[PDB]
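Chain and residue survey
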Amino acid sequence: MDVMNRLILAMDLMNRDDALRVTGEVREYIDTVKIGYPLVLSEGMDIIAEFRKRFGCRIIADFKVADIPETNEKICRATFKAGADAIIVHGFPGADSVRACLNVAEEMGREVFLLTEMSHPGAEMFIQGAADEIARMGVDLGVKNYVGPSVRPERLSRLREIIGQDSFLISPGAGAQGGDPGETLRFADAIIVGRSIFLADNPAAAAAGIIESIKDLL
Amino acid sequence: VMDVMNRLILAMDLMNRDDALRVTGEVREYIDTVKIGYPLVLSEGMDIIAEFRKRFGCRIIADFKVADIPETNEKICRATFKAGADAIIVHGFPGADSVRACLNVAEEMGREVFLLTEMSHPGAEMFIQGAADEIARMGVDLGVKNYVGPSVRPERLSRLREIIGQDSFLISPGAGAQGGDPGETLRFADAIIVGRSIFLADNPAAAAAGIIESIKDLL
Ligand SMILES: O=c1cc(O)n([C@@H]2O[C@H](COP(=O)(O)O)[C@@H](O)[C@H]2O)c(=O)[nH]1
Ligand SMILES: O=c1cc(O)n([C@@H]2O[C@H](COP(=O)(O)O)[C@@H](O)[C@H]2O)c(=O)[nH]1
């Protein structure tokens, strides 16, 4: 996956007008948008097709898929039917649940991203202690795309070590949650950024500023 | 606790509005509580909740297995309750802040959170099972009153019930298609969740009536 400027916009605004406007304002800087449940549950799955029509961006559906295999398969089918290029899946529910998603992705020409460790404080309670094993499970399953946390670069580095330099790694938590774009890109292929762009006084200037700060990494 | 008719919750995981409405209508004399998940919501929109309320007046549990950071969890809960869900199901494995975020929205909005502890599928044994007792204890500490645990592992369901106490409300999927037994499950759970063995039946009403007949002494 070739992500422009190593920057993925997390579009978590919950109003169609604002989401489209803000994405349009930063469109020259990105070609990849992460769309999650805040926007989808507020405006419908048809929002994905609308983003493709307006921006011709790739769409990662951040749905943190975390059900049994039967239900995971259905969620992935509905998601890819809506035009998502990729879907993010939790690893914590185990290998069969991940495989269910991989199967649908292969059938429909899409990608699965495996979420290993998360960026929030609560991730330390259960996820963190399982994360290396979840990453190894991904490797065993042939997963090529991973998500790990900007806010813990030592954990992000370990995740990179496990999956190898050939796998693709994206990372949320830079900006609002305190992560640093440049440090994160030592290990991740791309950073995910939401609020520090879409809540900024001037979203375009915010995106341009982030990119300026990592210019030597592009 | 919510008064679930016949201790039986329909898992409506059909992905077509016409079929989902037909089947739900057919079993309405037996079931007043319906679990709507992402297979239906992502296929037909959040307005499917509105449609179910309009047509059936059933309680709606939004099975969204909420599993994000606190900020995003809050947004998901707000959108879900705005659409008319009575309750939402939240994963415990992302930790206490993520659960608290959902509880705070539910409190503000006058709705309920169900905490999913252990899951029913084989993959649950890899990571979830070993965390489940602690996830349940965390729920009790946070003031969670409603829980989800697996029909297919009676021994685990019993332990979950012990942890949360007799006053907590516990619902349980895995009977029927996944092999769990309704009667045994209801030794510990307040209600069983049943999907495919009802909604794929030639006669979903007869399937529901049959399940209920088999547990009639427990009603
Ligand atoms: O560990 C994770 C995994 C995520 O997908 N995310 C997602 O990444 C985005 C982060 O947005 P922000 O830059 O506003 O903090 C949100 O959409 C969030 O749900 C995260 O923050 N941490
Ligand atoms: O551990 C769990 C938690 C669930 O919510 N579920 C949900 O309960 C339902 C089970 O349906 P069924 O009776 O067709 O097996 C599905 O909606 C599934 O997503 C489950 O099967 N196991």
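In terms of determination method and resolution, the entry is listed under X-ray crystallography at 1.320 Å.

Chain B is annotated in the PDB entry as Orotidine 5'-phosphate decarboxylase of Methanothermobacter thermautotrophicus str. Delta H. According to the UniProt record, the Function comment for chain B is "Catalyzes the decarboxylation of orotidine 5'-monophosphate (OMP) to uridine 5'-monophosphate (UMP)."

Going by the annotation in the PDB entry, the name recorded for chain A is Orotidine 5'-phosphate decarboxylase, with Methanothermobacter thermautotrophicus str. Delta H given as the source organism. For the record of chain A, the UniProt heading Pathway holds the text "Pyrimidine metabolism; UMP biosynthesis via de novo pathway; UMP from orotate: step 2/2." Annotation of chain A in UniProt includes, under Subunit, the sentence "Homodimer."

**So, the site of ligand 2**
Surveying the vicinity of ligand 2 reveals 16 residues, the closest of which are A:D67, B:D13, B:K65, B:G195 and B:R196. More than one chain reaches ligand 2: its neighbouring residues belong to chains A and B. Here B:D13 contributes a side-chain N or O atom positioned 2.6 Å from an oxygen atom of ligand 2. Within the side chain of B:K35, an N or O atom sits 2.8 Å from an oxygen atom of ligand 2. A total of 480 Å² of accessible area belongs to ligand 2 in isolation, and the protein chains cover 98% of it.

**Brief notes about the interface of chain B and chain A**
Taken together, the contact pairs 45 residues of chain B with 45 residues of chain A. Surface buried jointly by chain B and chain A totals about 3400 Å² across both partners, of which 70% is contributed by carbon and sulfur atoms. Per-residue buried area on chain B facing chain A is highest for B:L42, B:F93 and B:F127; these three make up 23% of the total on that side. In this assembly, chain B and chain A are joined by 4 salt bridges. A salt bridge links B:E71 to A:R195; the shortest N-O distance between them is 3.6 Å. The interface formed by chain B and chain A contains 12 residue pairs in polar contact.

Rules used in this analysis
- Residues numbered from 1 in each chain as written, not as in the entry; some residues may be left out.
- Chains lettered and ligands numbered in written order.
- Heavy atoms only, no water.
- UniProt positions renumbered as here; feature names shortened; annotations may be inferred.
- Near = heavy atom within 4 Å.
- Polar contact = N/O pair within 3.5 Å; in protein donor to acceptor, adjacent residues only side chain to side chain.
- Areas by Shrake-Rupley, 256 points an atom, 1.4 Å probe, with all protein chains shown as cover.
- Contact = heavy atoms within 4.5 Å.
- Buried area = accessible area lost by both parts, 1.4 Å probe.
- Salt bridge = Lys/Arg side-chain N within 4 Å of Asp/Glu carboxyl O.

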